[PDB]
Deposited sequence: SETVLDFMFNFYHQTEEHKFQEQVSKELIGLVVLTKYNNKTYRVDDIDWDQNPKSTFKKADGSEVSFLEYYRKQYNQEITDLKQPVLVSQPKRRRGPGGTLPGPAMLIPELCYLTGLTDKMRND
């Protein structure tokens, strides 16, 4: 089962940086992704190109951790690619998902 990161460099190939980001945004935004470390599905409704796996967030307990730290400590999932963007899913404080750690699904 291919990951969202695998999809990004397999679905459409583009040498233009801005055209790559607009095409990837058009292809992914709306799809439901399944995380490989927790059996939860999320609807990806945005892609944060200003964040990467070294970016940090605030936990429910109020401590700050990087995405690298979070998934290593919580699920023992080692993120290898540091240049990838972070997907964002809005509920109801959005969930920031790593493309390398998410499977694809045909969805609305």
**Request:** Note down, first to last, the deposited-sequence stretches for which the model contains no C-alpha atom.
**Result:** 93-102, 119-124
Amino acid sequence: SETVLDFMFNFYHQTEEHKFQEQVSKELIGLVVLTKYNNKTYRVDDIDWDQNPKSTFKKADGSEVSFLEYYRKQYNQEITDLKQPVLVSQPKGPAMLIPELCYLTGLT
From here on, numbers count along this sequence of modelled residues.
**Prompt:** Do the CA atoms of 4-12 or those of 98-106 have the higher mean B-factor in the entry?
**Reply:** 4-12
**Request:** Could you check the entry and say whether 19-27 or 81-89 has the higher mean CA B-factor?
**Result:** 19-27
**Prompt:** Out of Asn39, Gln74, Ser63, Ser66, which residue has the highest Cα temperature factor in the PDB record?
**Reply:** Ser63
